[PDB]
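>
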Amino acid sequence: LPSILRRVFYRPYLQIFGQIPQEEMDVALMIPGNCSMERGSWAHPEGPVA
Amino acid sequence: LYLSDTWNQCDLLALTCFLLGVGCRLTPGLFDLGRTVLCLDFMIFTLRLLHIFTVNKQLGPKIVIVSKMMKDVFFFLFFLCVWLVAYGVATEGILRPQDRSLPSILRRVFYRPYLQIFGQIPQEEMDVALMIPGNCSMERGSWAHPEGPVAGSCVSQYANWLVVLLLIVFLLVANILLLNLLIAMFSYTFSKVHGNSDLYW
Amino acid sequence: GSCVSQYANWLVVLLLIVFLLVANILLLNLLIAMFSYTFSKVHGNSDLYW
Amino acid sequence: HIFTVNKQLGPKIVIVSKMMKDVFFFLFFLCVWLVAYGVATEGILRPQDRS
Amino acid sequence: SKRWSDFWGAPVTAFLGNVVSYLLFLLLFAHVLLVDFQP
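Chains as they are written, first to last, in the entry's author numbering: chain S, 955 to 1004; chain E, 854 to 1054; chain W, 1005 to 1054; chain B, 904 to 954; chain U, 765 to 803.
Pasting the structure below:
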């Protein structure tokens, strides 16, 4: 629950002030991987809370 | 009449600092002091070049209106420095860094919240969730270890959400209230002054 | 630079504070004030000329 | 220059060229202050790579 | 003696020569303070 509250309310707030994490939300700046036991493509971002 | 002025006090100041710089430079024990004072003197000789161009038609009256904005700037610095003390000491207090030198505290109280106005926001220095924990303190409580040589060697984890909430409130008041109210005061003062500054030029 | 001096470094930090004050506060906000003044002064004659 | 015939975008493109005297004041005050800060900071520091 | 004297006799070219000479002073002061400053 607080990790979702961070990624919904706290990260888009800091994007007004020029804090734009591209590596947390764009696959092309990331590496792929078999990181989910589920159907579909998945990829692995950088950051402890991302 | 020569001492009553301001730009003759400026041109006097550039040559006092010049002779102080050379006078230290030729002594064998003060080489670094003379090189530093000459490097401060170059700015004064460069700022003289604004007064030279006041005779031009296009750049003339605008350079006249530059000096009449400093009362609005001094209000901005008053409201800023009060709010910068308040945010700085509260955030330095809720966190408990272990490196507690006097100039390291002065950096983390006055210098780091100053650069957060200009978009320099270190999150990894002041948020536990972007850090790794550790047994870095011989003391009771939770502790964690941030990144950076001057960010304090070991910081506290208790009630960290209030530090994040002070970061949101600081960016709201500083980067929205103070800056946009400063643009509004420059707009008002410029239209109030522009007539008399053209007559005076 | 491969190697830099440590003598009187606090004056370098203090010049960084003064530079950000004059450039990012005086010059930019005085430029917005001059664009506001000039735009309201000119807007009538530019509509007639267009 | 092609789109100056349009109604909505027309007069605004006309007013763009009349702002350059304010921009040239900005560059004058900037370039003086940029020389002063630049050479003083490059002087107090002493870098060894001096190309 | 007159056309030469009435080009350089104006206050404009005295101003312009004052600026160019002062810019060369700043260029020299930077060349000393950045390149060859011997201990």
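C-beta: ideal position from N, C-alpha, C; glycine also.
Say whether chain E places a C-beta atom closer than 8 Å to the C-beta of W:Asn1033.
By 1-based counting over the third sequence, the position of residue 1033 of chain W is 29. Yes, W:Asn1033 lies at the interface with chain E (some Cβ there is under 8 Å from its Cβ).
> Can you pull out the residues from the region 881-893 of chain E whose beta carbon lies closer than 8 Å to at least one beta carbon of chain W?
From the region 881-893 of chain E, only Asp885, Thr889, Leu893 have a Cβ closer than 8 Å to chain W.
> Can you pull the chain U neighbours of B:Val942, defined as C-beta to C-beta under 9 Å?
The residue you call residue 942 of chain B lines up with position 39 of the fourth sequence. The contacting residues are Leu790, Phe793, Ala794, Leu797, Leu798.
> Are E:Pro986 and E:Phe1023 close, meaning C-beta to C-beta below 8 Å?
As a first step, residue 986 of chain E is located in the second sequence; it is residue number 133 there, counting from the start. As a first step, residue 1023 of chain E is located in the second sequence; it is residue number 170 there, counting from the start. No. Outside cutoff.
> Name the residues in the region 1008-1030 of chain E whose C-beta lies less than 7 Å from a C-beta of chain S; which are they?
Of all residues in the region 1008-1030 of chain E, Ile1021, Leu1024, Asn1028 have a Cβ within less than 7 Å of some Cβ in chain S.
> Taking only runs that begin and end inside the region 974-1034 of chain E, name each unbroken alpha helix (DSSP H) of 4 or more residues, in chain order.
Entirely contained in the region 974-1034 of chain E, the alpha helix (DSSP H) runs reaching 4 residues are, in chain order, 1014-1025.
> Let me see if you follow: with CB-CB separation under 8 Å, is W:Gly1048 close to chain B or not?
Working through the third sequence from its first residue, we reach residue 1048 of chain W at position 44. Not an interface residue.
> Do three or more CB pairs link the region 936-944 of chain B to the region 789-800 of chain U at distances below 8 Å?
With a cut-off of 8 Å, the region 789-800 of chain U and the region 936-944 of chain B count as touching, because enough Cβ pairs lie within range.
> Do E:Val926 and W:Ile1029 have their beta-carbon atoms positioned less than 8 Å apart in this structure?
Looking up residue 1029 of chain W in the third sequence gives position 25. Looking up residue 926 of chain E in the second sequence gives position 73. Contact flag set, yes.
> Counting only beta-carbon separations shorter than 8 Å, does W:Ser1044 have a partner in chain B?
Here residue 1044 of chain W refers to the residue found at position 40 when the third sequence is read from its first residue. No, its Cβ sits nowhere closer than 8 Å to a Cβ of chain B.
> Say whether chain S places a C-beta atom closer than 8 Å to the C-beta of E:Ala997.
As a first step, residue 997 of chain E is located in the second sequence; it is residue number 144 there, counting from the start. Judged by the 8 Å Cβ criterion, E:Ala997 is not in contact with chain S.
> Rounded to whole angstroms, how far is the Cβ of W:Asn1033 from the Cβ of E:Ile916, which I believe are closer than 8 Å?
Reading the third sequence from its first residue, position 29 is the one you call residue 1033 of chain W. Reading the second sequence from its first residue, position 63 is the one you call residue 916 of chain E. The pair is not a contact, with the Cβ atoms about 17 Å apart (cut-off 8 Å).
> Does the beta-carbon of E:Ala1012 have 16 or more other beta-carbons within 10 angstroms, so that it is buried, or is it exposed?
Along the second sequence, one-based indexing puts residue 1012 of chain E at 159. Exposed, by the Cβ-count rule.
> With 8 Å set as the bound, which would you pick, yes or no: does the beta-carbon of B:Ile905 sit closer than that to a beta-carbon of chain E?
For this step, residue 905 of chain B is matched to residue 2 along the fourth sequence. It does not: the Cβ of B:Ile905 has no partner Cβ on chain E nearer than 8 Å.
> Please look up how many angstroms separate the CB atoms of E:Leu1019 and U:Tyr786, rounded, as I've assumed it's under 8 Å.
Mapped onto the second sequence, residue 1019 of chain E falls at position 166. Mapped onto the fifth sequence, residue 786 of chain U falls at position 22. Rounded, the Cβ-Cβ distance is 50 Å, inconsistent with contact.
> Indicate whether E:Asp952 and E:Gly1005 have their beta-carbon atoms separated by less than 8 Å.
For the purposes of this step, residue 952 of chain E is taken as the residue at position 99 of the second sequence. For the purposes of this step, residue 1005 of chain E is taken as the residue at position 152 of the second sequence. Yes. Within cutoff.
> If you measure between the beta carbons of U:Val784 and E:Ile905, is that distance less than 8 Å?
Residue numbering aside, residue 784 of chain U sits at position 20 when the fifth sequence is read from its first letter. Residue numbering aside, residue 905 of chain E sits at position 52 when the second sequence is read from its first letter. No, Cβ-Cβ distance for U:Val784 and E:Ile905 is not below 8 Å.
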